[PDB]
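Asks: Structure provided below as structure tokens; questions to follow.
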Amino acid sequence: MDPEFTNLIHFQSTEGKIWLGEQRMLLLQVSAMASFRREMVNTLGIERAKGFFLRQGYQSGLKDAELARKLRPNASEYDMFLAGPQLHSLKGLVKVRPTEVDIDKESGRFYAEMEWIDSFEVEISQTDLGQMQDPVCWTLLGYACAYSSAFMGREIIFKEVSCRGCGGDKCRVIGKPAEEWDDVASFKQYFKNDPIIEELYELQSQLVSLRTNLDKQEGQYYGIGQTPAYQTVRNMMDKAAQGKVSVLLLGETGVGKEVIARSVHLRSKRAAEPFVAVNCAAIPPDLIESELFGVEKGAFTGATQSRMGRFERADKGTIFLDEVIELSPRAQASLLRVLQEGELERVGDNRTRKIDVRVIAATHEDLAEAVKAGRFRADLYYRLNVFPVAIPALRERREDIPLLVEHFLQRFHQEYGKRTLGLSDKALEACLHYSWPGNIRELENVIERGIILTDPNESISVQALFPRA
Amino acid sequence: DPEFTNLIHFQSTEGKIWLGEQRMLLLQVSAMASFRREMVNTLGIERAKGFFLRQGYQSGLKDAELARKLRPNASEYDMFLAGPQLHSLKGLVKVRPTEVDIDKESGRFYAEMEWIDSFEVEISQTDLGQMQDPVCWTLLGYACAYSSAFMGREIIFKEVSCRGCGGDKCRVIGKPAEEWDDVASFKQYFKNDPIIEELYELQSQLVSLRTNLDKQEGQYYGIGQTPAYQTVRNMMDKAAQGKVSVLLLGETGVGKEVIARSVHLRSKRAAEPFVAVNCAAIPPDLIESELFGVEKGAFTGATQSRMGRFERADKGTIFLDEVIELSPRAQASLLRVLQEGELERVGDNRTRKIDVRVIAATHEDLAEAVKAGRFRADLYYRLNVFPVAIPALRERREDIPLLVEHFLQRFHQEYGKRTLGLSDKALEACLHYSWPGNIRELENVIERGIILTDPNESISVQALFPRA
Amino acid sequence: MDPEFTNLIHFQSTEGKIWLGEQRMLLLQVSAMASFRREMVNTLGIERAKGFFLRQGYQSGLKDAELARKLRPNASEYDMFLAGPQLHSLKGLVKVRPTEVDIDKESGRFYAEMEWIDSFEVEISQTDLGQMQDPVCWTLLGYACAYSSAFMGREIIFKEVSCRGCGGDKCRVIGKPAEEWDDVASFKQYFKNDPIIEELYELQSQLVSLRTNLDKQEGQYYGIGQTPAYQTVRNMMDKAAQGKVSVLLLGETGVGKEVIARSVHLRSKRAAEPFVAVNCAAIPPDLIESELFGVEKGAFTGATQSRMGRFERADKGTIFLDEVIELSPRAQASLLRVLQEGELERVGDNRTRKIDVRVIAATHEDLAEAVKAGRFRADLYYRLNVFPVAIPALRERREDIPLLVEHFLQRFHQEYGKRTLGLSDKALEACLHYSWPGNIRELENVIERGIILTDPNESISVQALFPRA
Amino acid sequence: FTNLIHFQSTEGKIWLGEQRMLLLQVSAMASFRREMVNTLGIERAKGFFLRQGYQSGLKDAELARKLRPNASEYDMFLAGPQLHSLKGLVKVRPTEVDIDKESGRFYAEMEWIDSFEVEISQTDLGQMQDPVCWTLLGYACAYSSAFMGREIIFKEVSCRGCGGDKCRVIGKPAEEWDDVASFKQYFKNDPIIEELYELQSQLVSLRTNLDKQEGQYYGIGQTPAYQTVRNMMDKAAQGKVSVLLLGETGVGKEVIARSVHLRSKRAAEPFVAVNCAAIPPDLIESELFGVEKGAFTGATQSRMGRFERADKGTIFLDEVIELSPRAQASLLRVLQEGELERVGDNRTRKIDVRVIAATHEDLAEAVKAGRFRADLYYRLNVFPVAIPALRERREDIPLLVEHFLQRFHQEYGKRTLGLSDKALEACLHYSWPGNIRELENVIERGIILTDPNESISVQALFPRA
Ligand SMILES: [Zn+2]
Ligand SMILES: [Zn+2]
Ligand SMILES: [Zn+2]
Ligand SMILES: [Zn+2]
């Protein structure tokens with residue numbers, strides 16, 4: 001009580017501004033706040049809106065504590081502390097009736113009990129009422145906690161032992177230091193920010209990525225740039241797409257030649273046509289020939305039913321052949337006939353079948369001396385060497401490594417949350433200085449190990465990948 | 001200002017501030033800045049924008065009623081200008097109306113105004129980056145509200161430029177909503193959808209989508225204690241206590257494999273491996289090599305030795321669907337495993353004992369299959385010790401609703417979040433059906449009924465088994 | 001042992017022929033037969049070799065029974081039946097010891113117990129150091145069953161009760177007519193000659209079809225024959241796909257607009273670039289804008305970490321927008337800016353970045369009258385209506401119904417069932433007389449239900465689909 | 001010679017020197033080849049009969065060398081074709097012969113009259129536009145190679161089964177031929193049964209992996225630590241006591257709780273696991289106990305909690321320390337009185353839920369900081385169960401890794417047949433901060449980095465060393 005601050009609330013109406021000391025002020029309507037709190041509780045629940053108003057009262061109380069300290073710096077301990085309730089009476093929030101006070105800034109002692117008459121929160125509560133079985137003066141309590149804590153330096157927690165919105169006779173509150181309370185953990189959880197919008201964004205992102213994981217075979221790599229070698233590889237595949245040339249993918253294991261062939265097929269004039277990939281190592285050669293070219297029924301090797309070969313399955317399209325060196329010699333002769341005249345014969349069949357099939361082979365072994373050993377035909381090598389396309393390893397793309405890895409982090413982050421919000425410059429330096437035999441598979445694997453292995457820290461360990469053992 | 005400066009009566013001793021007949025309060029601008037900051041940080045920008053817009057709109061309605069009750073007639077322009085004069089009086093903004101055209105009787109309205117020293121831009125200063133959209137929200141709401149209450153028509157302003165976006169001046173234009181082209185963007189702010197319900201809904205969707213991951217037991221037959229389901233349940237639970245092999249006689253598509261899984265879970269060996277085997281797989285020489293393995297050597301064409309499926313069920317349980325489709329050597333080896341607890345891999349001389357419970361199943365009548373020599377009598381009598389007949393849905397008339405209800409909840413979450421309706425005519429049509437396919441056909445028709453349902457709250461009667 | 005047996009094996013050394021009665025014969029080494037059986041068992045199954053040798057012995061026994069009948073023509077029942085095993089002894093295969101016999105060709109009664117001394121099959125078992133777990137005298141048993149059956153006129157079946165190759169003391173066999181046996185199926189299974197090469201081709205085809213799921217599906221039911229309505233839609237789709245013009249797909253639910261947009265992207269110049277489809281049925285408020293255009297972190301919005309929008313995911317590529325009418329007005333404005341100026345900015349983002357994204361919107365509701373009442377902006381409507389493409393309901397393409405279902409049937413023939421491709425024309429005539437309110441999705445669903453309701457019947461039953469209530 | 005094929009019919013045997021012989025019918029061989037081609041094709045049966053004739057020819061070459069040790073250089077080679085004529089296979093007419101054992105030179109051309117293979121071909125006919133005398137050709141090649149010591153290859157330049165007038169064959173050393181790769185490919189064993197077993201195994205594993213996994217981490221024995229942990233979980237399984245799993249990150253506590261649930265008396269009842277760290281606490285409270293509709297907390301529709309979803313069953317709670325204090329009080333009420341209330345609801349609901357909490361942080365001092373309730377800690381610490389790290393189970397490590405390698409070998413269908421004991425020593429000598437999880441990860445990376453039949457390198461895992 002005892003205001004004596006109306007002389008400092010000077011204001012100039014002509015400019016549309018209100019002042020108090022050096023601080024700007026605003027005059028808001030109470031009915032608007034009533035509808036505001038009504039819709040707030042309707043769209044946020046009660047516990048969440050209570051915590052939000054509590055945090056806002058705490059922030060307003062810290063600001064008013066700074067203001068009161070700027071107003072009368074050398075008043076007195078009690079005279080400075082009373083400015084809080086005096087600010088409540090001045091701003092029209094509540095009328096304060098402190099029935100008991102005990103304060104000593106040096107010893108840390110604190111205790112108070114006060115009555116809040118004509119609280120604006122109980123007045124708006126008459127507009128939005130229902131069960132109202134818990135105290136409603138939330139911003140008042142948060143402002144009280146903030147002002148008392150800023151004045152004492154200790155954590156002070158108030159509790160409205162009685163409130164008019166609960167059917168009680170008078171709003172009465174008690175304030176003691178937090179150490180002298182029984183259960184403060186619930187109150188401290190009331191003070192947490194709990195940003196629901198970020199939780200909603202994370203849930204929507206995880207839900208979209210989890211529902212899109214079906215048919216998730218389009219985004220891969222080979223589409224980032226930033227190194228001259230990749231630019232050469234992409235413009236070279238652009239040149240190969242427009243032409244009818246059979247393409248040979250020279251590279252190393254784990255560089256992703258199959259997705260490269262898929263991109264070359266999509267960039268070609270026959271992108272809508274089927275694309276069939278065949279890993280020659282997966283199929284034993286005795287089955288390799290019959291799978292690549294099919295087989296017709298009959299007494300000659302004839303099974304019960306004719307089966308179309310993979311080349312006819314890719315008619316008007318493209319055939320990819322990984323590890324083409326591992327072909328049976330008769331299959332190599334059939335491939336040479338298909339490549340030079342566009343004709344094939346099913347196994348056990350004498351009649352010919354026309355085809356129009358683009359060919360993209362790939363291999364890691366040095367085919368030039370492989371022909372010298374008799375392991376591969378010379379003519380088929382001559383027909384396949386028309387358009388070599390070298391795909392560099394990451395060791396040839398050292399400066400390109402970081403963009404991939406952070407992208408990989410996102411690819412794992414939504415699967416497991418934004419764990420490891422760091423890069424560990426030592427780990428990045430170790431990644432720049434490594435041969436990487438599995439240039440993209442080993443990278444994805446070690447990044448998976450780094451994501452799973454860094455649970456009790458927000459920064460990736462340098463030992464999580466390339467452990468010293 | 002004649003003479004509104006005297007309208008702000010306040011008594012400090014009473015702890016109240018008054019304006020006309022309306023109680024009011026005076027807050028700091030920095031506190032409102034932190035208020036808007038935490039508000040936008042907790043909800044979306046549009047949610048907070050709608051909140052502040054509705055707050056300004058309610059304040060404008062109340063202030064229009066107050067100005068109407070203060071000076072009764074006077075003049076039209078003075079009564080309309082009392083709104084912006086109230087804005088200047090409360091410390092919100094300074095108003096500079098550069099153009100006005102008002103006629104309350106005819107309904108004509110147009111106005112262009114400048115908002116100088118808006119407090120909302122002072123709150124925008126706490127956010128170092130410029131906002132991409134105008135920030136004077138409660139100002140716009142109070143403007144539209146006061147203008148609409150003063151005219152009797154709905155009047156809508158729009159901040160064509162704002163200083164919080166980097167503009168030179170806060171400039172607003174106000175004309176009646178019917179004279180606008182696109183008004184829906186303003187009306188979207190008035191819709192108040194509870195964000196917490198969307199959080200619970202998204203968490204429920206993600207939890208339901210990740211709960212469909214790798215669980216083994218969730219299929220059907222809940223606590224619907226129908227006499228037939230209860231008899232079959234007590235039969236399986238009494239069967240689980242022993243090691244006796246159990247034969248599941250029933251109909252195709254009833255899901256005998258999960259029944260065997262439940263029998264294994266109710267058994268004493270639930271922690272031990274449970275392996276199901278469909279005999280529809282080709283049974284030439286591969287059925288024997290897969291069921292009992294094969295050892296490497298020159299005595300058989302095996303480069304690598306391969307463990308059989310029965311050894312994978314060691315100390316556990318093996319399910320055998322369509323047991324009639326076994327080769328006679330496989331029937332003999334199964335009889336040896338069932339009567340002596342021993343087996344030997346193909347091409348292997350040494351023998352190893354095993355402890356494997358057996359759950360066979362078949363749709364064909366096994367008695368007449370043993371007749372004509374298609375199946376050995378020994379294995380038949382060893383497997384028929386504890387038959388468990390699974391009734392068709394035709395005799396399960398009372399279990400049909402509970403099932404479909406669970407299936408509804410099971411499939412409404414499947415990429416659709418749709419209706420829970422049943423349409424009693426469709427339900428009576430469903431209870432009166434032979435169901436040649438028991439559970440598979442019912443789940444298929446339930447999905448087909450889900451196909452032709454818009455998020456209208458009712459499954460169509462004609463969506464199931466249409467006239468043609 | 002008989003006057004006619006010795007010296008009956010006429011043979012000419014210089015002429016290169018060996019004869020026995022009227023039958024040509026061959027003399028092979030035992031070690032060669034041992035390596036023969038070794039290669040046979042090492043390449044095929046134990047049962048495959050068992051059935052081959054048993055059938056070979058059966059044919060030899062049938063021919064030798066006819067030979068013994070024509071050699072001594074007068075009956076002497078026991079003498080001819082014992083001449084059978086005596087013929088076994090003459091060829092050097094086995095020594096026979098009939099310990100019990102009971103024969104009456106007229107009454108059909110038969111029983112015999114015999115011992116096989118020095119069987120060559122056990123000597124071949126000696127080359128396989130591991131003892132067989134089952135009796136090894138296969139061709140002997142087949143010759144026995146064949147000779148006894150031809151001599152009696154009834155089917156006679158022997159079984160080796162004990163064998164020296166399985167570790168037994170003596171080779172002991174019992175022969176009685178098949179009707180007098182208890183379990184005969186295990187022996188009868190050896191007469192079935194199922195080609196192993198067909199099983200190899202079938203297993204390779206199944207494994208390849210299951211391993212081809214790693215590749216993205218080549219497409220869906222978009223490719224059908226040149227039906228005039230489908231052909232008009234096809235040529236319109238091709239001329240629209242060549243350009244960057246945004247395409248609006250007006251149609252009905254279940255018509256499959258997404259596969260249409262995917263085919264448009266594959267036929268476009270940006271097929272290698274990402275294609276992202278977005279259904280607006282997902283919850284809209286503030287989430288539709290943040291997902292379509294992203295959001296940047298900062299104090300201006302409740303974003304802890306920035307999230308890329310789906311339009312940025314479609315950079316240089318194509319985005320599909322199903323139910324575009326269900327866009328928030330802010331989303332419609334941002335989409336209009338992206339479509340008219342090629343630029344967008346993330347929510348809460350200060351800097352603007354341009355994008356190059358083709359747009360394919362689609363809707364079942366009529367956009368006309370939707371712009372009325374304000375549900376959709378006129379600017380975006382006129383910008384999207386430049387190239388409408390109406391997709392007819394299946395009622396106008398009933399001539400396409402068989403082509404679809406046939407492709408669907410074989411597509412479902414691989415679905416864990418290896419079931420049927422039949423149609424039953426009455427069911428097709430019942431299908432043509434139906435509105436199909438759900439066009440293609442409902443037809444695929446009823447086809448799956450019919451596959452569930454039909455086992456070996458090849459034509460799906462006419463009554464299997466849509467039975468009466 | 002015919003004088004050496006003496007035999008005694010009384011014992012049922014035919015002899016030639018010290019080698020036993022047998023007399024087989026030709027009609028049986030005709031049906032044999034018919035069924036062989038019907039179930040194997042033509043090229044496969046051709047290679048089979050070729051190598052079988054090769055084996056018979058090598059055996060007959062050893063026999064002929066045993067018959068006349070001092071046979072002349074010409075007569076010893078001629079013993080082959082006369083053995084062909086003696087056994088009834090073919091009549092031989094050598095039109096040219098040239099042999100020199102020392103220099104390795106060889107050449108011959110001969111006629112095969114009345115071949116039995118063309119005779120059976122007359123019964124089983126069709127295309128047969130390629131030479132049919134397969135076993136004869138293999139026997140000739142084997143005998144000439146065994147006699148010379150060099151690779152000698154014959155080829156039937158003409159055959160009566162191809163419509164030709166006479167069967168004519170030529171034998172030359174393999175180096176002097178143009179295309180020998182086809183014949184050498186004909187000589188390969190080609191075990192089709194092994195390919196069938198491999199395809200069936202890969203197909204069965206590929207069809208069962210789509211049916212979802214159950215668990216794997218448990219069941220690896222032969223170490224004291226695992227045996228103590230398993231007997232502890234066995235003793236804990238029969239009771240209803242709430243269990244606290246104290247361990248380390250990545251030790252696989254969830255599968256341990258699932259095995260304890262299956263070993264318990266409520267194995268048929270539902271089992272629900274919840275990782276508290278994955279769910280933000282603001283959602284943790286509403287998710288563990290549900291929420292009721294009303295003006296309170298929002299909620300357009302009531303939502304069941306995970307505890308009611310696990311009624312009559314068991315709930316696992318990883319990282320129980322990260323619970324909101326009101327959720328901790330509700331969990332203590334559920335634990336000591338078996339009752340719960342949905343958020344925003346006043347009425348109580350009975351439940352019967354077994355509880356297994358787990359944590360990696362030191363729970364004892366976490367209560368001292370005010371981060372966790374004391375009463376709930378006393379109620380959860382009733383039965384602590386420590387799960388050791390792999391460093392305490394080093395002797396068990398190789399068994400795990402071999403099972404791991406097998407589960408990954410089948411992951412790609414055909415992979416390295418080695419472990420490299422040096423790499424095993426490196427695995428035993430590592431802290432493994434991520435037990436079983438880091439082991440699976442390093443093994444997958446090492447397997448992807450190796451592709452031959454060679455042992456996996458120690459640098460494939462723990463590189464840069
Ligand atoms: Zn109160
Ligand atoms: Zn402004
Ligand atoms: Zn025997
Ligand atoms: Zn010939």
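FYI, nothing fancy with the structure tokens labels: chains A, B, ... in order, residues from 1 per chain, ligands from 1 as they appear.
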Leaving out stretch 104-113 of chain B and any residue of its chain fewer than 5 positions from it, which residues lie within 8 Å of it when counting only C-alpha atoms, given as a ChimeraX atom specification?
Replies: /B:76,95-99,150-153,171-176
Asks: Save out the residues we just selected, N, CA and C atoms, as an mmCIF file, in the first residue's frame.
Replies:
```
data_model
loop_
_atom_site.group_PDB
_atom_site.id
_atom_site.type_symbol
_atom_site.label_atom_id
_atom_site.label_comp_id
_atom_site.auth_asym_id
_atom_site.auth_seq_id
_atom_site.Cartn_x
_atom_site.Cartn_y
_atom_site.Cartn_z
ATOM 1 N N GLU B 76 -20.882 12.164 -37.140
ATOM 2 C CA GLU B 76 -20.426 10.846 -37.571
ATOM 3 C C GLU B 76 -18.905 10.746 -37.519
ATOM 4 N N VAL B 95 -2.242 8.347 -34.631
ATOM 5 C CA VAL B 95 -3.012 8.119 -35.847
ATOM 6 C C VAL B 95 -2.948 9.354 -36.734
ATOM 7 N N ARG B 96 -2.734 9.130 -38.033
ATOM 8 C CA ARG B 96 -2.726 10.196 -39.035
ATOM 9 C C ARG B 96 -3.610 9.761 -40.198
ATOM 10 N N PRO B 97 -4.921 10.011 -40.115
ATOM 11 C CA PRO B 97 -5.819 9.663 -41.226
ATOM 12 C C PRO B 97 -5.651 10.587 -42.422
ATOM 13 N N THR B 98 -4.990 10.109 -43.479
ATOM 14 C CA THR B 98 -4.766 10.949 -44.649
ATOM 15 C C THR B 98 -5.985 11.045 -45.558
ATOM 16 N N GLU B 99 -6.906 10.088 -45.483
ATOM 17 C CA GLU B 99 -8.112 10.106 -46.299
ATOM 18 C C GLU B 99 -9.213 9.348 -45.578
ATOM 19 N N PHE B 150 -19.004 0.728 -35.545
ATOM 20 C CA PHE B 150 -19.497 2.075 -35.807
ATOM 21 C C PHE B 150 -20.394 2.123 -37.038
ATOM 22 N N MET B 151 -20.070 1.347 -38.072
ATOM 23 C CA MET B 151 -20.840 1.410 -39.311
ATOM 24 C C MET B 151 -22.080 0.525 -39.309
ATOM 25 N N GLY B 152 -22.012 -0.636 -38.666
ATOM 26 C CA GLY B 152 -23.043 -1.636 -38.779
ATOM 27 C C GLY B 152 -22.774 -2.664 -39.856
ATOM 28 N N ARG B 153 -21.883 -2.354 -40.791
ATOM 29 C CA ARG B 153 -21.373 -3.282 -41.784
ATOM 30 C C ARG B 153 -20.053 -3.848 -41.291
ATOM 31 N N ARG B 171 1.209 1.991 -42.944
ATOM 32 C CA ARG B 171 0.084 2.502 -43.712
ATOM 33 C C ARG B 171 -0.964 1.411 -43.847
ATOM 34 N N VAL B 172 -2.216 1.771 -43.550
ATOM 35 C CA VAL B 172 -3.339 0.845 -43.541
ATOM 36 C C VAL B 172 -4.475 1.425 -44.376
ATOM 37 N N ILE B 173 -5.242 0.526 -44.995
ATOM 38 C CA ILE B 173 -6.383 0.869 -45.835
ATOM 39 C C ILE B 173 -7.593 0.097 -45.330
ATOM 40 N N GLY B 174 -8.711 0.794 -45.151
ATOM 41 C CA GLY B 174 -9.920 0.166 -44.657
ATOM 42 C C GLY B 174 -11.150 0.418 -45.504
ATOM 43 N N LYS B 175 -11.738 -0.654 -46.019
ATOM 44 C CA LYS B 175 -12.968 -0.633 -46.796
ATOM 45 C C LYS B 175 -13.822 -1.819 -46.373
ATOM 46 N N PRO B 176 -15.132 -1.776 -46.638
ATOM 47 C CA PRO B 176 -16.002 -2.883 -46.220
ATOM 48 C C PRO B 176 -15.597 -4.198 -46.870
#
```
Asks: Please return as a ChimeraX atom specification the residues found within 12 Å of ligand 4, counting only C-alpha atoms and all ligand atoms.
Replies: /D:89-92,110-122,128-137,155-169
Asks: Which residues are close to residue B:307, i.e. within 9 Å by only C-alpha atoms, leaving aside same-chain residues fewer than 2 positions away? Reply as an MDAnalysis selection string.
Replies: chainID B and resid 289:295 305 309:312 345
Asks: Take the residues from that selection and write them out as a short mmCIF file (atom, residue, chain, number, x, y, z; two decimals), in the first residue's frame, keeping N, CA, C and O atoms.
Replies:
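Produced file out-v9.cif, reproduced below:
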```
data_model
loop_
_atom_site.label_atom_id
_atom_site.label_comp_id
_atom_site.auth_asym_id
_atom_site.auth_seq_id
_atom_site.Cartn_x
_atom_site.Cartn_y
_atom_site.Cartn_z
N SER B 289 15.60 -81.56 -47.06
CA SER B 289 16.82 -80.83 -46.71
C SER B 289 16.53 -79.59 -45.87
O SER B 289 17.38 -79.16 -45.10
N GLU B 290 15.35 -78.99 -46.03
CA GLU B 290 15.03 -77.82 -45.23
C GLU B 290 14.49 -78.20 -43.86
O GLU B 290 14.82 -77.56 -42.86
N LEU B 291 13.65 -79.24 -43.79
CA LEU B 291 13.09 -79.65 -42.51
C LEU B 291 14.13 -80.32 -41.62
O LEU B 291 14.10 -80.15 -40.39
N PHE B 292 15.05 -81.08 -42.21
CA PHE B 292 15.99 -81.86 -41.43
C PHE B 292 17.46 -81.60 -41.74
O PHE B 292 18.33 -82.23 -41.13
N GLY B 293 17.77 -80.69 -42.66
CA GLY B 293 19.15 -80.37 -42.96
C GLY B 293 19.82 -81.35 -43.91
O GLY B 293 19.22 -82.29 -44.42
N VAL B 294 21.10 -81.10 -44.15
CA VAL B 294 21.92 -81.94 -45.01
C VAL B 294 23.38 -81.72 -44.63
O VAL B 294 23.80 -80.59 -44.36
N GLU B 295 24.15 -82.81 -44.59
CA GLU B 295 25.56 -82.76 -44.25
C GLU B 295 26.42 -82.80 -45.50
O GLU B 295 26.09 -83.48 -46.47
N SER B 305 27.31 -77.79 -45.32
CA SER B 305 26.26 -78.35 -44.49
C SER B 305 25.27 -77.27 -44.09
O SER B 305 25.65 -76.11 -43.87
N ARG B 309 15.28 -76.83 -40.24
CA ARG B 309 14.39 -75.97 -39.47
C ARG B 309 14.01 -76.60 -38.13
O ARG B 309 13.72 -75.87 -37.18
N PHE B 310 13.99 -77.93 -38.04
CA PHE B 310 13.66 -78.55 -36.76
C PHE B 310 14.72 -78.26 -35.71
O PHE B 310 14.40 -78.09 -34.53
N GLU B 311 16.00 -78.20 -36.11
CA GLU B 311 17.04 -77.83 -35.16
C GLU B 311 16.94 -76.38 -34.73
O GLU B 311 17.35 -76.03 -33.62
N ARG B 312 16.42 -75.51 -35.60
CA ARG B 312 16.20 -74.12 -35.21
C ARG B 312 15.13 -74.01 -34.13
O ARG B 312 15.14 -73.06 -33.34
N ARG B 345 20.50 -85.58 -39.97
CA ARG B 345 20.55 -84.80 -41.20
C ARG B 345 20.76 -85.72 -42.39
O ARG B 345 21.34 -86.80 -42.27
#
```
Asks: Mind checking which residues fall within 8 Å of residue A:56, counting only C-alpha atoms, ignoring those fewer than 5 positions away in the same chain, and posting them as a VMD selection string?
Replies: (chain A and resid 139 142) or (chain B and resid 31 34 to 35)
Asks: Keeping only N, CA and C atoms, take the residues you just selected and write them out as a short mmCIF file (atom, residue, chain, number, x, y, z; two decimals), in the first residue's frame.
Replies:
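Ended up saving to selection_38.cif:
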```cif
data_model
loop_
_atom_site.label_atom_id
_atom_site.label_comp_id
_atom_site.auth_asym_id
_atom_site.auth_seq_id
_atom_site.Cartn_x
_atom_site.Cartn_y
_atom_site.Cartn_z
N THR A 139 -0.53 -15.08 -12.98
CA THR A 139 0.46 -14.04 -13.25
C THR A 139 0.82 -13.28 -11.99
N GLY A 142 3.40 -15.49 -10.28
CA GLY A 142 4.69 -15.47 -10.95
C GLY A 142 5.41 -14.15 -10.77
N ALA B 31 7.68 -5.79 -21.12
CA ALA B 31 7.01 -7.00 -20.68
C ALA B 31 6.12 -7.56 -21.79
N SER B 34 8.49 -9.35 -24.33
CA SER B 34 8.80 -10.71 -23.93
C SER B 34 7.56 -11.60 -24.01
N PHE B 35 6.38 -11.03 -23.79
CA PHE B 35 5.13 -11.77 -23.91
C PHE B 35 4.93 -12.27 -25.33
#
```
Asks: Ligand 1: which residues are within 6 Å, counting only C-alpha atoms and all ligand atoms? Reply as a list in words.
Replies: residues 135, 136, 137, 163, 164 and 171 of chain A
Asks: I want to know what sits within 12 Å of residue D:360, based on only C-alpha atoms, with residues of the same chain fewer than 6 positions away left out; could you give that as a list in words?
Replies: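 The residues that qualify are residues 455 and 456 of chain A; 244, 245, 246, 247, 248, 249, 250, 251, 252, 253, 277, 318, 319, 320, 321, 322, 366, 386, 387, 388 and 389 of chain D.
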Asks: Mind listing as a list in words which residues of chain D are within 6 Å of chain A, counting only C-alpha atoms?
Replies: residues 41, 42, 296, 297, 298, 430, 462 and 463 of chain D
Asks: Let me see the file: selected residues, N, CA, C and O atoms, as a short mmCIF file (atom, residue, chain, number, x, y, z; two decimals), in the first residue's frame.
Replies:
```
data_model
loop_
_atom_site.label_atom_id
_atom_site.label_comp_id
_atom_site.auth_asym_id
_atom_site.auth_seq_id
_atom_site.Cartn_x
_atom_site.Cartn_y
_atom_site.Cartn_z
N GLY D 41 18.24 -81.57 -69.50
CA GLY D 41 18.62 -80.92 -70.73
C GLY D 41 19.66 -81.74 -71.48
O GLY D 41 20.00 -82.87 -71.11
N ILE D 42 20.17 -81.16 -72.56
CA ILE D 42 21.11 -81.84 -73.44
C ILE D 42 22.56 -81.47 -73.12
O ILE D 42 23.42 -82.34 -73.03
N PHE D 296 -10.18 -29.58 -19.78
CA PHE D 296 -8.84 -29.72 -19.22
C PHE D 296 -7.92 -30.42 -20.22
O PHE D 296 -8.28 -31.46 -20.78
N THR D 297 -6.75 -29.83 -20.46
CA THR D 297 -5.68 -30.35 -21.31
C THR D 297 -6.09 -30.40 -22.79
O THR D 297 -5.27 -30.75 -23.64
N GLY D 298 -7.28 -29.94 -23.13
CA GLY D 298 -7.75 -29.99 -24.51
C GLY D 298 -8.41 -31.32 -24.82
O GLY D 298 -9.41 -31.67 -24.22
N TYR D 430 39.32 -54.57 -26.84
CA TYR D 430 38.64 -53.31 -27.10
C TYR D 430 37.58 -53.10 -26.03
O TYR D 430 36.94 -54.05 -25.58
N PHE D 462 38.00 -50.92 -37.02
CA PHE D 462 39.01 -50.11 -36.35
C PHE D 462 40.08 -49.66 -37.34
O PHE D 462 41.26 -50.00 -37.17
N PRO D 463 39.72 -48.90 -38.40
CA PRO D 463 40.75 -48.42 -39.33
C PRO D 463 41.64 -47.35 -38.72
O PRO D 463 41.55 -47.07 -37.52
#
```
Asks: Kindly provide, as a list in words, all nucleotide and amino acid residues lying within 7 Å of ligand 2, counting only C-alpha atoms and all ligand atoms.
Replies: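 With only C-alpha atoms and all ligand atoms and a cut-off of 7 Å, ligand 2 is contacted by residues 115, 118, 121, 134, 135, 136, 159, 161, 162, 163, 164 and 170 of chain B.
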